[PDB]
Amino acid sequence: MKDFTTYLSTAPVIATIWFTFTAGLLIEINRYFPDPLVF
Amino acid sequence: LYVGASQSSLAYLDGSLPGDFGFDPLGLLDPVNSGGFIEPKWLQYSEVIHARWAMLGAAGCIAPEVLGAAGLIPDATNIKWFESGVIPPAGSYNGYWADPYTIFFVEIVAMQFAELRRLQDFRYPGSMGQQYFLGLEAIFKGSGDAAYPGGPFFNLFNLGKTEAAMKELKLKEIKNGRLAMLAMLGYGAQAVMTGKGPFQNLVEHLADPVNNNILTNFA
Amino acid sequence: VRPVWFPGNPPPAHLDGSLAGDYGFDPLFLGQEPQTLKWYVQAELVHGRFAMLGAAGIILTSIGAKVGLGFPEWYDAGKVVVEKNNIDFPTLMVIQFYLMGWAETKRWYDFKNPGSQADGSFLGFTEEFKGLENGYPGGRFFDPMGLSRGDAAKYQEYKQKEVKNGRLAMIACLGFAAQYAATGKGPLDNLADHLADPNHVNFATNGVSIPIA
Amino acid sequence: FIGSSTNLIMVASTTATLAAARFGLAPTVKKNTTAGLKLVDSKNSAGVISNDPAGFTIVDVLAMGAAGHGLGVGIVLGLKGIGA
Amino acid sequence: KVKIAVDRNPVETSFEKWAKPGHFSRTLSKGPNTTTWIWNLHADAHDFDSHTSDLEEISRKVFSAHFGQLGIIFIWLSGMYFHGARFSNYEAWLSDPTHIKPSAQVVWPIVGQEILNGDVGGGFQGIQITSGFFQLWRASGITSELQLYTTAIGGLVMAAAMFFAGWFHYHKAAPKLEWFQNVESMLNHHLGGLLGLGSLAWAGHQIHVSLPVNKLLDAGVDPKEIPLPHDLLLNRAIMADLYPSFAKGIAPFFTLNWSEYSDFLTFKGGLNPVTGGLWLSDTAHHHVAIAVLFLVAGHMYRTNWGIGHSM
Amino acid sequence: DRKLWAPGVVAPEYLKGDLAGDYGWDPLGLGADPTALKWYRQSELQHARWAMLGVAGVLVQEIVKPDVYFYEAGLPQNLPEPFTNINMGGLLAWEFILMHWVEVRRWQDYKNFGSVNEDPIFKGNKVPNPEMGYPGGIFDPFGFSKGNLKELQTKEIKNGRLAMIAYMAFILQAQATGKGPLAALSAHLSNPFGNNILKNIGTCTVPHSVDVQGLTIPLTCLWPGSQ
Ligand code: CLA
Ligand code: CLA
Ligand code: CLA
Ligand code: CLA
Ligand SMILES: CC1=C[C@H](O)CC(C)(C)[C@H]1/C=C/C(C)=C/C=C/C(C)=C/C=C/C=C(C)/C=C/C=C(C)/C=C/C1=C(C)C[C@H](O)CC1(C)C
Ligand SMILES: CC1=C(/C=C/C(C)=C/C=C/C(C)=C/C=C/C=C(C)/C=C/C=C(C)/C=C/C2=C(C)CCCC2(C)C)C(C)(C)CCC1
Ligand SMILES: CCCCCCCCCCCCO[C@@H]1O[C@H](CO)[C@@H](O[C@H]2O[C@H](CO)[C@@H](O)[C@H](O)[C@H]2O)[C@H](O)[C@H]1O
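Chains as they are written, first to last, in the authors' numbering: chain J, 1 to 39; chain 3, 15 to 233; chain 7, 29 to 241; chain K, 29 to 112; chain A, 12 to 322; chain 5, 31 to 257.
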């Protein structure tokens, strides 16, 4: 389990998780606030 | 002994196991570099399990038809084995206390306890005689052999008192099981060909063996 | 020696029979790391204790609905209370997060720092918030009758009953959701139907649990 | 079908193959042909035992049976195809 | 002696190596000091020969890597069958194949991308596919999204089996080098079993399902009223009506009266005028012949008996 | 040593012949645990004595009142005067209260032998209670224990085991035939081949439910037969 969590802490895994989180956040924002051109 | 014997098989087939008639053309019981399910212990145990289920099936699939002919059971029962409900497409009996999926659940829960407890004794010999199981664990100690647990219930009448007598009975169990496993293949092959019952097939082959056989059935 | 979940299979090493309800069940080794195991212990107890209140709430209100006492089904109670009593959903929800937030954060920091909530910081209360064990905060507020501070053996037996009754309630709440989703009726309506026809009214004949049936 | 042209052809074909191997007029599990199309002692691995005097094992029968079947099928369908 | 030979519990199943990048290499296991290490790790990941000089270990890695590939391909196929059952216009296209465009990919409505859901027809909006799956499924005789969904579930069960096989044949029962070096046995099974049996089995599906279903489709019968494949497999009278020779059963096969099966085993050539594709009766007689040819070919190499050839 | 349940069987080590009616018969090994054997022996004594009273009740009642069916005597409308149509609830009240006392007294004797062997009211009144399950004294008002108790314990357990099988015969015969145990014998003797389990089995002659003074009590047979 400790080794498994270390594997989940590897650069590629963290990147996939972090980028999936960031992409999701941006998508959801555009899903609830569509066509945002200006502040 | 039996046709197909090979010098290669004579290496491991020394006649200790029940039904060793020297027949291993594909070299499956060779202990050298063995592993997975291709190993003597699992394969002998599997032949006996298949054999015991096949002996009960060869009788269960041919019993209702015979008894129905003898008039000992109502015609309502007396149904063909493939028409019992195991394969609804081929037919199903609507006179059970519950529907088949309800009875099948009862089967799942029952078999899982029976099979997984039998498995644990093969994996950890003597384990099923330790943890409490309503006092039944007293009869599940088993022996060092998985296919022959024996004990107060599995060997109720203590038959096979001597090593020789038990060896003979083990030879008779494997012989009758191997025959029944072949009968069960016949029952399935003859149900696809004629679409009739195993008993009916025998009755026709006696009523007229020439016009009632596989070569005639092809047409 | 201790009864295990799959008879014949040795218990995992991180499970030594010390914890209440230890039947050596951790097939995915999720509690292999100790500190993680302590967290999951409080998690199972917190989930289980809520499920026990939930199950007892659904069963009583379901009995009152089975009889003619006008108690709404569990899946309809939320709307009845708000509508009949003109209660503002947003206000009730935020009030809950305020109260639960305070109690949960104090329980959280006790886990992070055991005994740290008994300094008198909260209205001068000290001993009622020290905590006896992980997931077992005795004292005079949470154990008002002293059952944990009297007869050590009785305390151990009570802990076994609590975890087992909590795991049963957690299974029962999953059953109340699955049965409502599959049948659309209440839990005691499902029990009456089964009792009436146990061989023809069950999951195998609900038309949903087994799709090929 | 019994005694029919097809039946006779099939029976004779399989019989001829079995006989050829049985009398060393064909390759066997213990007799293998050389590049010069000969017949020398082969070295079967499984080494199935045969009480048969010429050591004709069941594998030899299986092989001859297949060869003979193929021969019979080809002859029957071939004659049918050539009208004969 | 050709035989099954394996080593038991050769490699432990732990995540210890998962947390040690470059464990497979003597140079890479030391860890990274420059960015070149990252590239080297990925570039030398599947070069087993460079990992170890043991052929048996390399062979065991290759075998399990192939089971991993087979599992990947199965997931891919299950997705295609699933998207055909849940995100496609196949059922409408079955009724009107000359006008409705095949589509099996629907996009979510976000950032304006829903424009990609074109008006493909059949009351459906999605991306037009060109993989040819709709025509393959029609040839196979699939007429419902239920059949596509069931095959998708089957493919995932097969993918799980492939990944299991990969783990089992590397960590539990790893075949020894002698096993892999049985080229004569491998060719006999791949020609006779994989190819010949595969072709024979496919002929079975085509004769009992593809030919009657497609004959009814070409006759103009609505896909809803066509008999289900099992109805055709369990009833000979229906198949006999569509193909008179089925009334004779398999007698003609064992009596060498093959000419009787001329109505489903044909040599027409050319193209079916209704669909523009090859005749399925021609594809059926073809796969039956392929099966026979490859069954013979798989009995050429010597194994555990004297008969056969030595490469 | 002693006679066993079968020729060639070896008695379990825990069955050495101490308890009466010991044929070394424990196929499922439920007596291997001493605590369990003690409870199961009490349970066997309870089922034996109750079943012997039941066999005798069904037979005596059948002879005295051959018109009343034992399987349906519990129905209040079939109660003898002046108990006909008596409030069944009130009747269960007496049985629950009385049985609960006697059953908890006997139970406490199991938990602590010789702990409840005295009249809780009129002190001095005490039962000998030589062995658990055998109180004696007021319970043995004729002194038959003062003799060969072990041989009498054998007759009790043997007659009890036979009565337990018989009672279940009466029940199953009642369910398949609809008649009591002497009426069934007569029907058999009337036409042995005509009336027998071969034909009787396959039919449950018991309704699915009965209304007792306003309450529906669900009823079931011991096998899925035509009901
Ligand atoms: C390229 C594929 C492939 C190959 C070459 C092998 C090869 C081998 N396997 Mg293996 N295996 C595979 C795939 C493969 N496997 C898959 C996908 C699984 C997961 C289901 C397994 C699970 C598995 C287990 C659990 C075991 C093996 C074992 C073995 C070894 C000897 C057993 C044997 O195969 O005898 C021949 C196989 C049999 C006698 C059993 C036949 C049962 C099959 C399922 C019946 C039908 C097979 C046929 C292809 C089905 C066609 C379709 C059907 C509708 C007719 C052998 C080296 C055994 C071993 O380790 O020995 C040391 C062993 O224990 N395999
Ligand atoms: C939980 C199950 C499990 C566990 C704990 C292990 C553990 C281990 N395995 Mg292993 N293995 C498994 C399942 C498992 N395996 C299965 C199912 C297979 C069949 C494919 C294999 C086949 C296998 C081989 C052939 C080898 C190992 C090896 C090893 C050891 C080191 C390699 C390693 O794991 O690093 C971790 C490696 C990875 C995380 C890479 C993942 C590979 C996946 C399948 C590729 C997926 C790519 C994706 C589909 C497409 C990407 C496209 C892109 C655009 C995103 C290690 C102790 C190696 C060894 O023995 O040590 C030298 C060895 O050579 N395994
Ligand atoms: C009838 C026998 C048979 C069959 C059908 C196969 C089939 C296959 N073998 Mg193979 N093989 C066999 C015998 C057989 N083998 C024998 C006897 C040996 C020892 C000499 C080998 C040694 C061998 C090696 C070294 C390799 C293969 C590989 C393969 C796969 C190549 C991928 C492909 O093109 O097919 C397409 C794929 C499919 C059609 C999917 C269907 C596959 C199912 C599971 C059919 C079952 C095959 C299996 C042998 C049946 C037994 C399983 C049982 C043990 C549980 C393929 C599925 C390659 C591989 O890695 O596969 C993982 C490979 O490297 N085989
Ligand atoms: C893989 C290829 C394949 C398969 C699977 C089938 C399968 C089938 N064909 Mg077919 N066929 C094929 C290729 C194939 N065919 C080819 C290539 C041709 C061209 C020559 C034909 C031409 C053809 C014709 C003309 C006909 C068939 C027919 C049939 C059906 C009946 C078979 C029969 O009569 O008895 C065959 C005997 C058996 C299948 C043996 C059965 C053994 C059983 C399954 C074993 C069970 C054992 C087990 C232990 C039992 C216990 C069960 C458990 C619950 C306890 C059958 C479903 C007939 C039909 O359509 O019927 C309507 C028919 O008329 N076929
Ligand atoms: C030896 C050898 C050697 C070499 O080396 C190789 C080889 C050759 C491979 C090997 C082998 C061979 C063989 C032959 C095998 C076979 C098997 C079988 C047949 C089985 C069966 C098997 C069979 C079986 C189990 C059966 C079973 C059955 C049962 C239980 C039951 C059933 C039933 C009944 C009653 C009735 C109903 O109504 C229905 C049912 C439900 C259905
Ligand atoms: C003299 C003698 C003997 C006898 C023996 C015998 C009797 C033998 C024979 C045997 C036999 C009787 C054999 C045969 C076999 C056959 C087979 C084995 C066949 C097979 C078939 C096949 C393989 C086919 C194939 C195919 C198809 C299916 C399709 C198309 C065509 C073809 C051909 C390709 C004895 C013992 C008495 C001893 C003493 C002396
Ligand atoms: C050789 C083994 C490997 C291939 C196995 C193929 C079969 C697998 C089992 C499922 C199919 C069973 O085979 C099934 O047999 C019945 C027998 O009544 C056939 O039934 C057919 O022949 C019977 C006579 O025998 C006719 O009365 C019936 O009208 C006709 O449809 C089904 O059409 C066929 O589908």
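C-beta atoms are modelled at their ideal positions from N, C-alpha and C, and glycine is treated no differently.
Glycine 29 (chain 3): contacting residues in chain K (beta-carbon distance under 8 angstroms): Result: empty, since nearest Cβ-Cβ is about 15 angstroms, beyond 8 angstroms.
Candidates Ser30 (chain 3), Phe37 (chain 3) and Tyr115 (chain 3), of which the one nearest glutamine 21 (chain 3) by Cα: If we check each option's Cα against that of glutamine 21 (chain 3), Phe37 (chain 3) comes out closest.
Within the 8 angstroms Cβ cut-off, does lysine 175 (chain 3) reach chain 5? At least one chain 5 Cβ lies under 8 angstroms of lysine 175 (chain 3).
Determine whether the Cβ of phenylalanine 171 (chain 3) lies closer than 8 angstroms to any Cβ atom of chain 5. Yes, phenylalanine 171 (chain 3) lies at the interface with chain 5 (some Cβ there is under 8 angstroms from its Cβ).
Please name the residues in the region 24–50 of chain 3 whose beta-carbon is closer than 7 angstroms to at least one beta-carbon of chain A, in chain order. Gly41, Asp44, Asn47, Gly49 and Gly50
C-beta contact flag for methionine 169 (chain A) and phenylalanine 85 (chain A) at 8 angstroms: yes
Can you name the residues of chain K whose CB is closer than 8 angstroms to the CB of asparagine 315 (chain A)? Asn72, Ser73 and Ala74
Suppose contacts are defined by Cβ-Cβ distances below 8 angstroms. Is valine 13 (chain A) in contact with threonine 314 (chain A) by that definition? yes
Going along the region 216–236 of chain 7 in order, which residues come within less than 9 angstroms of chain 3, judged by CB to CB distance? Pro226, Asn227, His228, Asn230, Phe231, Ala232 and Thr233
Are the beta-carbon atoms belonging to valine 240 (chain 5) and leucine 249 (chain 5) less than 8 angstroms from one another? yes
Neighbour-count burial assignment, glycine 75 (chain K), 16 or more Cβ in a 10 Å radius: buried
Using the Cα positions of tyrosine 186 (chain 7) and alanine 206 (chain 5), report the straight-line distance between them to the nearest angstrom. Using only the alpha carbons, I get a separation of about 50 angstroms.
Quick one: is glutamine 207 (chain 7) buried, meaning 16 or more other Cβ sit within 10 Å of its Cβ, or exposed? buried
Inter-residue spacing [alpha-carbon to alpha-carbon] between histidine 57 (chain A) and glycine 79 (chain A): Each residue's alpha carbon lies about 12 angstroms from the other.
Listed in chain order, which residues of the region 258–275 of chain A have Cβ atoms closer than 9 angstroms to some Cβ of chain K? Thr266, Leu267, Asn268, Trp269 and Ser270
Is it buried or exposed, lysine 186 (chain 3), if we count other Cβ atoms within 10 angstroms and call 16 or more buried? exposed
Would you mind sorting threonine 230 (chain 3) into buried or exposed? The rule is 16 or more other CB atoms within 10 Å of its CB. exposed
Hey, is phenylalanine 59 (chain A) close to ligand 3, as in C-beta under 7 angstroms from one of its heavy atoms? no
Considering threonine 246 (chain 5), what are the terminal residues of the beta strand (DSSP E) in which it resides? 245–248
Give me every residue whose Cβ sits closer than 6 angstroms to any heavy atom of ligand 6, in chain order. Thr42 (chain K), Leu46 (chain K), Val89 (chain K), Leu90 (chain K), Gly93 (chain K), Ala94 (chain K), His97 (chain K), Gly98 (chain K), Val101 (chain K) and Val303 (chain A)
CA-CA distance, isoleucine 30 (chain K) and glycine 319 (chain A)? 34 angstroms
Going by the C-beta, is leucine 205 (chain A) closer than 7 angstroms to any heavy atom of ligand 3? yes
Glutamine 184 (chain 7) lies in the alpha helix (DSSP H); which residues open and close that run? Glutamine 184 (chain 7) -> alpha helix (DSSP H) spans 180–211.
Expressed to the nearest angstrom, what Euclidean distance is found between the alpha-carbon atoms of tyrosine 16 (chain 3) and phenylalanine 84 (chain K)? 15 angstroms
Have a look at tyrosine 312 (chain A) and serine 321 (chain A) and give me their C-alpha separation to the nearest angstrom. 6 angstroms
The alpha helix (DSSP H) enclosing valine 94 (chain 5), as first and last residue numbers: That run of the alpha helix (DSSP H) goes 64–94.
Whose CA, out of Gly166 (chain A), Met173 (chain A) and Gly317 (chain A), lies closest to the CA of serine 89 (chain A)? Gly166 (chain A)
Using a strict less-than 5 angstroms threshold between each residue's beta carbon and the heavy atoms of ligand 7, what residues do you get? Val206 (chain 3), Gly209 (chain 3), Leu244 (chain A), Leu245 (chain A), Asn246 (chain A) and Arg247 (chain A)
Any C-beta of chain K sitting closer than 8 angstroms to the C-beta of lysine 12 (chain A)? Contact with chain K is found for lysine 12 (chain A), since one of that chain's Cβ atoms lies less than 8 angstroms from the residue's Cβ.
Nearest to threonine 235 (chain 5) (by Cα), restricted to the options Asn189 (chain 5), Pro254 (chain 5) and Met198 (chain 5): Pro254 (chain 5)
Residue ranges of each alpha helix (DSSP H) within the region 88–164 of chain 5, 4 or longer: 118–141
Can you tell me which of the three DSSP states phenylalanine 35 (chain A) falls into? coil
Within its chain, find whatever has a CB closer than 7 angstroms to the CB of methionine 173 (chain A); leave out the 5 residues flanking it on each side and keep chain order. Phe78, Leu81, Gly82 and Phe85
Would you say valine 39 (chain 5) and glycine 54 (chain 5) are within 8 angstroms of each other, going by their C-beta atoms? yes
Helix, strand or coil for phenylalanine 135 (chain A) per DSSP? DSSP places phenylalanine 135 (chain A) within a strand segment (E or B) once states are collapsed to three.
Counting Cβ pairs, one atom from each stretch, are 3 or more of them under 8 angstroms apart for the region 39–47 of chain A and the region 61–75 of chain 3? no
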